[PDB]
There are 2 protein chains.
Amino acid sequence: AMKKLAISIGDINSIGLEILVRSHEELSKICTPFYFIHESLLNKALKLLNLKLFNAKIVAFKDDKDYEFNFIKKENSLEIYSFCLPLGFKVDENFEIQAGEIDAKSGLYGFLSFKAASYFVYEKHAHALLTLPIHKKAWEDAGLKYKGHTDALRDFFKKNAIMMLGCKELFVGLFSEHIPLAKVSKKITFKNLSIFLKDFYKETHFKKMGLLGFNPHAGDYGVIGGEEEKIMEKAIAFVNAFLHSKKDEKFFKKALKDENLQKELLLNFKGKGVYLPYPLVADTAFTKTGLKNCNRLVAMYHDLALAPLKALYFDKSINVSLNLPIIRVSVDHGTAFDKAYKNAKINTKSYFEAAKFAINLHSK
Amino acid sequence: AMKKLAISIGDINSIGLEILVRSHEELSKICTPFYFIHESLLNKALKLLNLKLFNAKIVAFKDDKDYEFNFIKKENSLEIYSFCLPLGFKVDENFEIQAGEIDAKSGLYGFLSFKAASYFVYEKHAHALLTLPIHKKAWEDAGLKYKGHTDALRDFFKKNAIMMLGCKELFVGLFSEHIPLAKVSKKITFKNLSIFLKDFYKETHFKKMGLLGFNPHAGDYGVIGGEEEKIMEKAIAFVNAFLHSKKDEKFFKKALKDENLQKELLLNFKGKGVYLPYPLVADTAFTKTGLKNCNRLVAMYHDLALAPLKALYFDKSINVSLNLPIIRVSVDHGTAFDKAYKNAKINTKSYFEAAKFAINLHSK
Ligand code: NI
Ligand code: NI
């Protein structure tokens, strides 16, 4: 029944640790969590929060040339493990907590917690990775070249993750993420969109998915631009027909370049496909009746997803990195970074959602 | 105590009539509706709907050189009036209703109903205008040159309407509407945005408004584009200052062209203005707490407004045309156009809200 969940602690100067601790008792009832944190630091946060922690497994990570994972000892109802791995940085746990502040020390430490946990999951010691949020500016101050988890995951695993946001009532894949909105149009090409729609299906197996119009009213039958939507349509038909045919990546790469071959594929395609054939109008897409028609969406750009999504599911909304060799989930900071260790009230709903999501998937 | 409310019937072949008729008893309790429809066509609708209509005021309208507004007879508890005016086309009520169909004759009729109702309001015979939806394609087939209400209202009154969607919980002004999204960026200029925000304020008097970022995360301090946001800031700072100064239109046109004049205004009228100084992040803007912070917003593009607002306020959300010599409101098509006169369930909640909003306004 119990799957091992690897949890990287994020920036210790934020509300990450509080979430972790307050949630521990309920979380241990649904999976076995391993927390990537050394005891000395764990205790600094505990004392500062004035909370206690029972029956938890923590993993002290260290830089070594080889992989090695061992149970070491029990202590204060605490189970301590070590994981040695090639990190490329010397772990330094001896610094103080500085509530809500940007700091090179805790920056590097959290980057390392995450790197250690990611490879822990990659080596199959746990079933999935959950990352608590980090502050990119402390990474920057630590002299790291990465811009966030995704960038680091691309470097570790050489794959470009697909982001999917939301929860059971509504998930949305993002064709593009943190790029300026004036750049998104030229990125919507037949080649790129086809690869994305193929990978997104393979990664999720959703049975009925819909693309959101890029233009108002999905272009309104060509009167409000509509050029992007023609491309979307062409990509849907071709992906639909290709998934139905059960042919391989080699055929795909070849057919992406040959219209006559795409055409042959479309003429032989005798199914309803997995993607709706025509882009959705955003006006209708996030209403109750819209959501009942389709609740697995693909958005060409960041805000089309975020605005409606956070208006409905502020609490339970998770971030899911698809297309990597590990299952990785996350949550959004949500509050102000700087406003932490102050008994400010906290929402642990999304932490639980993200966990249950990962637990529910099949082994990679 | 009641104000007079002109109501144009939209496309008689759609659900407009039924809304009008199902709503009349309850509406007459808050205002005095004047419906713009000839008797013989009203009856064809009543019959086809199989409903009756009690103590309702209807205004037949006619092409003519002069503006004249007359009472004529009472009938089936049905006060019939005359309104003659320079319409441009010969009115023609002699046509049969075609349930849910595009037709030149109900299209042309519906345009004429609206033109009459609009001038009725301008010539002060009523307080406000409420337009029931039309179908742009029936307008096209009738040979009209206009693409919609706003298009025509610009021609009637030589003013560019500013559009505002929502309800008392949330209003969004639209800096652009049905233009291709790839084209929105170039349209965000200091000149155009300042005029917009000046007119938006003058028209609404809202004491606290926010602009929503164009780029994800409001450009994240210049890391995700940010160019558009610099321009927002520059406009916000200038308009705010102009509005405190109490200076006039002539000055404003002069100060738009001259950086030093702008600096002088900014030095003299520093201070919190009616616009928040920084664009808002769309992630946070539509949540409980966000809305509690600010609930009067301005969006740079159509879908940023439509998608979260229809997720929250599907039933109650209205359309308001600001910046015209008359008050004019409207609602969006509930159902598909196709499904009129079927006995499908019909939502009247926004019709009421729209009327409620107009009454609750001062005269013009
Ligand atoms: Ni984001
Ligand atoms: Ni629209």
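- The name the PDB entry gives chain A is 4-hydroxythreonine-4-phosphate dehydrogenase, with Campylobacter jejuni subsp. jejuni as the organism.
- According to the PDB record, the title of this entry is "4-hydroxythreonine-4-phosphate dehydrogenase from Campylobacter jejuni".
- Under the heading Catalytic activity, UniProt records this for chain A: "4-(phosphooxy)-L-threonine + NAD(+) = 3-amino-2-oxopropyl phosphate + CO2 + NADH".
- The UniProt entry for chain A carries the following comment under Pathway: "Cofactor biosynthesis; pyridoxine 5'-phosphate biosynthesis; pyridoxine 5'-phosphate from D-erythrose 4-phosphate: step 4/5."

Topic: the sheet that holds strand 10 (residues 296-299) of chain A
All names here are of chain A.
Alright, step 1. Judged by pairing direction, the sheet is mixed, and its twelve strands sit side by side in the order 4-5-3-2-1-6-12-11-7-8-10-9 without closing on themselves. Each of the sheet's edge strands pairs with one partner strand only, and the pair in question is strand 4 (68-74) and strand 9 (210-211).
Alright, step 2. Here two bridges tie strand 9 to strand 10, and the two strands are oriented parallel to one another. Considered in strand 10, the bridge of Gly210 is made with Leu297.

Here we look at the coordination of the nickel ion (ligand 1)
Alright, step 1. Taken together, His178 of chain A (NE2), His302 of chain A (NE2) and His217 of chain B (NE2) make up the protein donors of the nickel ion (ligand 1), found 1.9 to 2.2 Å from the metal. Of this pair, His302 of chain A sits in helix 13 (residues 302-312) while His217 of chain B sits in the loop between strand 9 (210-211) and helix 7 (227-245), placing the two residues on different chains.
Alright, step 2. The exposure class of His302 of chain A is buried, given its relative accessible area of 5%.
Alright, step 3. On the basis of relative accessible area, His217 of chain B is assigned to the partly exposed category, the value being 26%.

Looking at the side chain of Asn240 of chain A
Alright, step 1. Locating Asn240 of chain A in the fold gives a position in helix 8 (residues 227-245).
Alright, step 2. Ignoring sequence-local partners within four residues, the contact set of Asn240 of chain A consists of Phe269, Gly273, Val274 and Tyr275 of chain A.

Focus: the relation of the copies chain A and chain B
Superposing the two chain copies requires a rotation about an axis and a translation along that axis.
Alright, step 1. Mapping chain A onto chain B is achieved by rotating through 180° and translating by 0.0 Å along the same axis, at an RMSD of 0.4 Å. Such a combination of rotation and displacement between the chain copies is what one expects of a two-fold axis. For chain A, the residue whose C-alpha comes nearest the rotation axis is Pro308 of chain A, separated from it by 2.1 Å.
Alright, step 2. Of all interface residues in chain A, 100% are interface residues in chain B too; the two copies therefore contact each other through one and the same surface.

Here's the deal with helix 3 (residues 104-122) of chain B
Residues and elements named next belong to chain B.
Alright, step 1. Along its 19 residues, helix 3 runs 27 Å from first to last C-alpha, staying within 8% of the 27 Å computed at 1.5 Å per residue.
Alright, step 2. The buried fraction of helix 3 amounts to 15 of the 19 residues, a majority that puts the element mostly inside the structure.
Alright, step 3. A positive phi of about 65° marks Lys124, the residue just after helix 3.

Definitions and cut-offs
- Residues numbered from 1 in each chain as written, not as in the entry; some residues may be left out.
- Chains lettered and ligands numbered in written order.
- Heavy atoms only, no water.
- UniProt positions renumbered as here; feature names shortened; annotations may be inferred.
- Pairing = 2+ DSSP bridges.
- Helix = DSSP H or I, 4+ residues; strand = E, 2+ residues; numbered from the N terminus.
- Donors = N, O, S within 2.8 Å, 3.2 Å for Na, K, Ca; no water.
- Buried < 20%, exposed > 50% of the residue type's maximum accessible area, 1.4 Å probe, protein only.
- Contact = heavy atoms within 4.5 Å.
- Least-squares fit on C-alpha atoms.
- Expected span 1.5 Å × (residues − 1).

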